[PDB]
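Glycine also receives a Cβ, built like all others from the backbone with ideal geometry; neighbour counts cover every protein chain displayed. The numbers here are math on the coordinates, done by the rules we state, and not lab data.
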Amino acid sequence: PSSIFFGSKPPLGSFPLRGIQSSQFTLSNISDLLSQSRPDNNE
Amino acid sequence: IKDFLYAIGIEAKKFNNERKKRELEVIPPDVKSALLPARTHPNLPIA
Amino acid sequence: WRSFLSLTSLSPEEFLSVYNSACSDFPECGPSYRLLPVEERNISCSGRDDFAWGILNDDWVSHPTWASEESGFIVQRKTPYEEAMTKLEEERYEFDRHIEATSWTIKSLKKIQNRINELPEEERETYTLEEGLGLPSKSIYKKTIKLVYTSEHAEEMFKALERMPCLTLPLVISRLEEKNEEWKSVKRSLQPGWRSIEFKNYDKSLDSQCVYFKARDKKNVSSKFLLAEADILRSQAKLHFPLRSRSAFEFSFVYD
Amino acid sequence: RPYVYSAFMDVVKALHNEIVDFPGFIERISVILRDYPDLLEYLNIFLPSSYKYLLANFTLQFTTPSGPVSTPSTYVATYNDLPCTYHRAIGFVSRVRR
Amino acid sequence: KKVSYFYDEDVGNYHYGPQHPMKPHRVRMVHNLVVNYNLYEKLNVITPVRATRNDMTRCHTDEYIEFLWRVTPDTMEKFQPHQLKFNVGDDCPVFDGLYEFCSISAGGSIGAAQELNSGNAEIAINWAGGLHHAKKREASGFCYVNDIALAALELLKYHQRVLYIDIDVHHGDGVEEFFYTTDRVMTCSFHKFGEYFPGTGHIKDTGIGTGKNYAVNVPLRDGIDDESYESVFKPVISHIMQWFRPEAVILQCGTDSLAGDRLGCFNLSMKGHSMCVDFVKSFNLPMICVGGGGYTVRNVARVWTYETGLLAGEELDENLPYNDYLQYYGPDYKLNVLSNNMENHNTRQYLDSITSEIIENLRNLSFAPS
Amino acid sequence: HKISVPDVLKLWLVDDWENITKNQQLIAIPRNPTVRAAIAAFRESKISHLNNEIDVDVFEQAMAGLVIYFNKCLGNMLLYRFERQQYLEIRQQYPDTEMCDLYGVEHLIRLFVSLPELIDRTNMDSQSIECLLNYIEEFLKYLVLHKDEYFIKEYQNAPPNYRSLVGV
Amino acid sequence: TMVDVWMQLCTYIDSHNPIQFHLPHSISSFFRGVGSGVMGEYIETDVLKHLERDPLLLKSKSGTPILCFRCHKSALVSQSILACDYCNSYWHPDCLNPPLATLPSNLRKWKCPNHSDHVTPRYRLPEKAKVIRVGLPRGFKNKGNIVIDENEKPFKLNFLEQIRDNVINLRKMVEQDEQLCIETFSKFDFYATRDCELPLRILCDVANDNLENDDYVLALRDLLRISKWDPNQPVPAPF
Ligand SMILES: [Zn+2]
Ligand SMILES: [Zn+2]
Ligand SMILES: [Zn+2]
């Protein structure tokens, strides 16, 4: 569980630990198309 | 506007029509699809 | 956006799958490659085989300069200190190139002389070499003989060494050694000025902001830019938080 | 400072809706700037990973092991991806078995 | 002694022109620093065998190579038309021993590949090579013969997949054009896109035909530093090694991405340019480390000597030992290349966006039904 | 003194102007439908419906004037600055054949469309002028009708060596 | 006759000096956008009608604020912003989907990604083109692109009552959300932080789950098998 937290650098000889997307200058690096197109809970 | 609502309605129903997926195979790699308990078959008898 | 995805009947996973590929319309071959005519698609390559023909590419050619982006037309302007350092390096390269080329040819000719001299005396007097003296890399020998002698005596000395090697080699070795010693003495005499220039210009060659920071800090110290920053931050807060931002702060400094 | 408040509520909402995968909510404290809300979130967070504040001169976060130190660059969009860890597992087991 | 070091004692004596950036003298500097650091015992030194016209016509055309064999600085005036057709004469000048230098470099590369094939070595070093701007029918960018491509063809006789990693500040245009339509070679190049030399290298150039998603281009802005380069380089190479698992790597260790380069516009240091080599060495794949760019000879010599030592395993000292080129090294006489300030321009958003795009492309090779 | 060019041909001419000049695309010089071939086809089609021998004679001599003027004119006022290299290459390749047997309708229509400004300097009899111009009109109609067979479909990109050769 | 016409044509051409071709002014000035050049070339006439690019823009000539369209920030979270020369929009050169390495040239107009002309097949309109208003209400084949602009209470509330109510409602929603999340802690931890060692279990003790079998498909697609038998679960060897 320790090597999972800030794992954006693959350590030395291992395939990546975690995936990376963009964060459009948000101060909360989540906000994305992921945020704007995911369920929170004449037409 | 009224054309796009009718244009998308037909296309959406056509996609839901083909969304129903029920197939059985053995040794194709095709997609990362819905029904792949196939791969359990060719890998099983050896393991 | 959720309503539009519900209209289109697209799950968010599939939207995330399709986004990056279906947003910007670029040609499939990339924006810098283009197809060739059928004529020049079979130019000769007399060393290829079927295995190489199967792998290498002969259809799509890249854009070196023929698109709107010709090449690098903006040279990065360097600081005077980096320019002084480059000039120093070039001076050193000139001197060292000449000295080492002359020395390499001296050593090669000394090896040839040692071979033909270990050879007994009858063949010593009746021996001969071929055009190039059998050196695998004859260009250095040709160039250094030209430079040390002339643009005119070069051919004379070349034919002389080609015809009569055993007599001619000692003289050319002596001449090359003498000129090499002269060049080495001049280099030793010129070194300290180089050391001084290097010392004086070294650190300022890394300190690039010593030249490029005044023109960038005048803006931050000016007043119009500060007032503009205040106004634009107010507008941004009003757009982000419409209900709040009537109690927000544009700037919050901490003095600890 | 409405930006930090909105960021906090956005990160907690993302953790609810399952976008930011609890390592990913523990980070995204690039909004550190203050030790008091971290000390107050202590008593509500528990893995054995409570934050750790030593003089916020350093903000290394606990774990069952000794705990990672915060990175100088921002908590750069670490989302979870399953095939990666699966291939790492395949490789490690092949190596150990060999 | 699993590192086979190729060096021909003549390579340093070839001269491009009056004030040209490319100087084969750097190879001689590197070799002297090596022989005086005593790496000559831990390495394995092979004087290469020269290439042949039949060996270079594998990737180049017969007329072009015949021209390179026949040209001369004197007969250049009579050979003027074919020159302007073959790009030789303006920035790839015609000098003494052009064919000889090309033969030396290409022989080094082919010998490295043959060593990796025969198994006598696992790392093969050749600094005289790395000319990655040469194309099938014309010279470009101080390059004449694509020894990288010849080496890749020699590796593919025994290896099924080959990776080529360019960290020169320019795009590997020649090698990309060579292997644009094949899936047995993947070409990952990090470069400076915009108003820069090759012009090619958009993030969208990803191959065509069977080689769809096998060219990877990472464009970068002015002034990248060690941390930013690491954050873009380690994820992309790990994802490449995961999805397209190669059996052999060809690393172009070009050092015009350093700080203080006559033609580069980057800010890497000796550590930032060597963490790349370390990350790639860390996978235990056979690898050919070839040279490349680099137009400031002091930085080039010291960085390449450090990288040779790092591949051999020995950690060299910090003080430069007595060599015949000591004055070249500045008022400190150390084995290091510090960075300068040169304010960065690569925002985290930009780097993250380009990385996510590259990752999606590499993933589509195994998602995305056929 | 004016002509009636169909809009499809106007669009094609402007598209070819752009393709050859700005986009660096050329036409394959050895054509499958020859200029002589198209001339003969139109001549046969019109004579097969003509009425009297005087008209037969004037149409025959008009077609003869057309072919000889093409052969004498092509390499002087019918190519852009990006095609002279190709032209000299083709002359070196086939120095015995002739342009009327080499080039195509893509350039025959440049000749046709440019004919007004040439008859502007020429000042022969109005009767001959109107006969020739009506013949050119009917020819343009026939070409735009049989588009599918006479006109090329895709252009060809000039190679890097060709571009370095021309350089203009 | 026309024989004499041919003679006069031949005399003119072999008397005069060759020149390069240019189609008549009628055909040239026919379409909209096309125009000759300095050496007879074809250049589109859509350039900057005003005349280095000003990197950071803060205030507009009309007072309108300069905020990016996608992230709504203000040309200071990133050192450069771009102004669309067709609409009243500004974009960060990093927010565009393929992020622009360098800003475009100040000569050529730049078009933001929010226009429909990026995915239309190019066409050409003649420069005498009366805009026709099509009356067909539904079902009009229009080649996608040539449809021009689709041409066809004062309350005086003055209270902060609704503003106060909205603020309290927002705080209440926030309170409930935080309560639920901070109760689901201590399980988010266990199921998301030990999630790296359960894959190790179902790899070591080879139990077939959907993701294991997908990884094996990934390895087969890497090795490029054709028709032989699959070796085993732990012996496909891209090791
Ligand atoms: Zn380079
Ligand atoms: Zn933005
Ligand atoms: Zn716009």
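Can you list the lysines whose alpha carbon sits under 27 Å from that of B:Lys14, skipping same-chain ones fewer than 8 residues off?
Once the sequence-local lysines are set aside, what remains near B:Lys14 is B:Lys2, B:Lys32, G:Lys141, G:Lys143.
Tell me, in nm to one decimal, what length is gained between C:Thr150 and C:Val254 on full extension, where the rule is 0.36 nm per residue of separation less the Cα-Cα distance?
Here the segment from C:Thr150 to C:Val254 would lengthen by 29.8 nm.
Select from segment C:1-95 those trypsin sites (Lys or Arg not before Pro) which occupy a DSSP coil region and have at most 13 other Cβ atoms within 10 Å, ordered by residue number. List each step's numbers first, then the result.
Values: sites: C:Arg2, C:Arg34, C:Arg41, C:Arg48, C:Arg77, C:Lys78, C:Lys87, C:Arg92; in loops: C:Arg48, C:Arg77, C:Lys78.
Here the trypsin sites (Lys or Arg not before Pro) that fit, given the DSSP loop and packing criteria, are C:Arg77.
In whole Å, what are the Cα extents of segment C:79-221 along the three principal axes, biggest one first?
That gives 89, 27, 26 Å along the principal axes, largest extent first.
If you scale each eigenvalue of the Cα gyration tensor by 5 and take the root, what three semi-axes come out for segment G:68-146, rounded to whole angstrom and sorted largest first? Let's see the in-between values first.
Working: eigenvalues 228, 46, 26 Å².
Semi-axes, largest first: 34, 15, 11 Å.
Which of the peptides C:165-175, E:188-198, C:210-220, G:215-225 is most tightly packed, and how do the rest follow, judged by the mean count of other Cβ atoms within 10 Å per residue? Mind dumping the intermediate values first?
On the way: C:165-175: 15.6, E:188-198: 23.3, C:210-220: 11.1, G:215-225: 17.5.
Answer by packing, highest mean first, reads E:188-198, G:215-225, C:165-175, C:210-220.
Give me the base-10 log of I(q)/I(0) for chain C at each q in 0.14 Å⁻¹, Debye formula, one uniform scatterer per Cα, rounded to two decimals.
Log10 of I(q)/I(0), two decimals: -1.11.
Just need the relative contact order of chain F here, percent rounded to a whole number, with Cα pairs under 8 Å and 6+ apart.
On the way: 107 pairs, mean separation 75.3, N = 168.
Once normalised by length, the contact order is 45 percent.
Per residue of segment E:285-291, in order, report the coupling 6.51 cos²θ - 1.76 cosθ + 1.60 (Karplus, θ = phi - 60°) as ³J(HN,Hα) in whole Hz, putting x for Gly and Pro.
Values, residue by residue: 10, x, 9, 10, 8, 9, x Hz.
Check which residues have an amide H placed less than 5 Å from G:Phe31's amide H, if you skip close sequence neighbours.
Amide H neighbours of G:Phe31: G:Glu127.
In chain E, if every C-alpha pair distance is counted and binned at 20 Å from zero, what percent goes to each bin?
Spelled out per bin, shortest first, that is 30, 61, 9, 0.
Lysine pairs, Cα distance under 21 Å, 8 or more residues apart or cross-chain: how many in chain F?
Counting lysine pairs in chain F gives 10.
With r defined as the distance between the Cβ atoms of B:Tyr6 and E:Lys2 and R0 fixed at 45 Å, what FRET efficiency is calculated, to the nearest 0.05? Each step should come with its number before you reach the end.
Values: r = 70 Å, r/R0 = 1.55.
FRET efficiency, B:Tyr6 to E:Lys2: 0.05.
Strictly over 20 Å apart at the Cα level, which of B:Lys20/E:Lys212; E:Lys2/E:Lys42; A:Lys9/E:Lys271; E:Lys135/E:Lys234; E:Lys42/E:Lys271; C:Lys78/E:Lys135 would you flag in this model? Spell out each step's value before the answer.
On the way: B:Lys20/E:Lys212 30 Å; E:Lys2/E:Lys42 9 Å; A:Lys9/E:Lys271 16 Å; E:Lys135/E:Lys234 29 Å; E:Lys42/E:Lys271 23 Å; C:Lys78/E:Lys135 31 Å.
As for pairs spanning more than 20 Å Cα to Cα, those are B:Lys20/E:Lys212; E:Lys135/E:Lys234; E:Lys42/E:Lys271; C:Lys78/E:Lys135.
Which of the trypsin sites (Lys or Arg not before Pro) found in segment E:238-328 are in a DSSP loop and have at most 13 neighbouring Cβ atoms, other than their own, within 10 Å? If you can, show how the numbers build up before the last one.
Working: sites: E:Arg262, E:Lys271, E:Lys281, E:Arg298, E:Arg302; in loops: E:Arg262, E:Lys271.
Passing sites in segment E:238-328 do not exist.
When only C-alpha pairs under 8 Å and at least 6 residues apart count, what is the relative contact order of chain E, in percent?
Working: 733 pairs, mean separation 66.1, N = 370.
This gives 18 percent for chain E.
With viscosity set to 0.890 mPa s at 25 °C, what whole-number translational diffusion coefficient in µm²/s follows for chain F from Stokes-Einstein and a Kirkwood radius over Cα pairs? Before the final figure, lay out the partial values.
On the way: Rh = 17.2 Å.
Estimated diffusion coefficient is 143 µm²/s.
How do the peptides E:137-143, E:20-26, C:178-184, E:115-121 rank, highest first, by the average count of neighbouring beta carbon atoms within 10 Å per residue?
Top of the packing list down: E:137-143, E:20-26, E:115-121, C:178-184.
Starting from the Cα of B:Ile27, step 7 Å along the direction of its Cβ; do the same at D:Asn17; then give the gap between the two resulting points in nm.
4.6
Taking H placed 1.01 Å from N in the peptide plane, check which residues at least 5 places from G:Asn208 or on another chain put their amide H under 5 Å from its amide H.
Those lying under 5 Å, H to H, from G:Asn208: there are none.
Which whole-Hz couplings ³J(HN,Hα) result when phi for each residue of segment E:38-47 is put into the Karplus expression 6.51 cos²θ - 1.76 cosθ + 1.60, θ = phi - 60°, listed in order with x for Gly and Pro?
Running phi through 6.51 cos²θ - 1.76 cosθ + 1.60 with θ = phi - 60° gives 6, 5, 5, 8, 6, 8, 10, 9, 10, 6 Hz.
Label G:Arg194 and C:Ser222 with points 7 Å out from Cα along Cα→Cβ: what is the distance between them in nm?
Result for the modelled spin labels: 6.1 nm.
Set the Förster radius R0 to 25 Å, insert the Cβ-Cβ distance between G:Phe140 and G:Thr120 as r into 1/(1 + (r/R0)^6), and round the FRET efficiency to 0.05. Walk me through the numbers before you get to the answer.
On the way: r = 16 Å, r/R0 = 0.65.
My answer for the efficiency is 0.95.
Give the Rg (one decimal place) followed by the Dmax (whole number) of chain D, computed from C-alpha coordinates and expressed in Å.
16.2, 57
Compute the normalised compactness of the protein assembly as shown: alpha-carbon radius of gyration over 2.2 N^0.38 Å, N being the residue count. Write out the running numbers ahead of the final one.
Numbers: Rg = 36.2 Å, N = 1221, 2.2 N^0.38 = 32.8 Å.
My calculation over the Cα atoms of the protein assembly as shown gives 1.11.
Restricting attention to segment C:109-168, which trypsin sites (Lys or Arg not before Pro) occupy a DSSP loop and are surrounded by at most 16 other Cβ atoms within 10 Å? It would help to have the intermediate numbers written out before the result.
Values: sites: C:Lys110, C:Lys111, C:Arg115, C:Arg124, C:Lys138, C:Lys142, C:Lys143, C:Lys146, C:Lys159, C:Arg163; in loops: none.
Of the trypsin sites (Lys or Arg not before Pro), not one in the loops of segment C:109-168 has a Cβ with at most 16 other Cβ atoms within 10 Å.
Provide the per-residue ³J(HN,Hα) series for segment D:16-26, in order, calculated from phi with Karplus coefficients 6.51, -1.76, 1.60 and θ = phi - 60°, each as a whole number of Hz, with x at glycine and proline positions.
Here the 3J(HN,Hα) series is 5, 6, 6, 10, 10, 6, 1, x, x, 9, 5 Hz.
Using the Kirkwood formula on the Cα atoms of segment C:129-202, what hydrodynamic radius do you get, in angstrom to one decimal? Mind dumping the intermediate values first?
Working: mean 1/r = 0.0686 Å⁻¹.
Kirkwood radius, segment C:129-202: 14.6 Å.
Could you compute the longest span of chain B free of trypsin sites (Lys or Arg not before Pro) located in DSSP loops and having at most 10 other Cβ atoms within 10 Å, not counting the site residues? Let's see the in-between values first.
Details: sites that count: B:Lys20, B:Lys21, B:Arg22.
Here the longest segment lacking exposed loop sites spans B:23-47.
Quick query: amide H of E:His191 versus all other amide H atoms, modeled in the peptide plane; which residues come in under 5 Å with a sequence gap of 5 or more or a different chain?
The list, which skips near neighbours in sequence, is E:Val218, E:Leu220.
With a Förster radius of 45 Å, plug the Cβ-Cβ distance of G:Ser186 and C:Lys214 into 1/(1 + (r/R0)^6) and report the FRET value to the nearest 0.05. Please report the intermediate quantities before stating the final value.
Working: r = 56 Å, r/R0 = 1.25.
Rounded to the nearest 0.05, the efficiency is 0.20.
If you take every residue apart from C:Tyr81 with its C-beta less than 12 Å away from the C-beta of C:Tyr81, what net charge results, scoring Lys and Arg +1 and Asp and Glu -1?
Details: positive: C:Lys78, C:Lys87, C:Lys200, C:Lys204; negative: C:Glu82, C:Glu83, C:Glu198, C:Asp203, C:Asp207.
Summing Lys/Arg as +1 and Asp/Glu as -1 gives -1.
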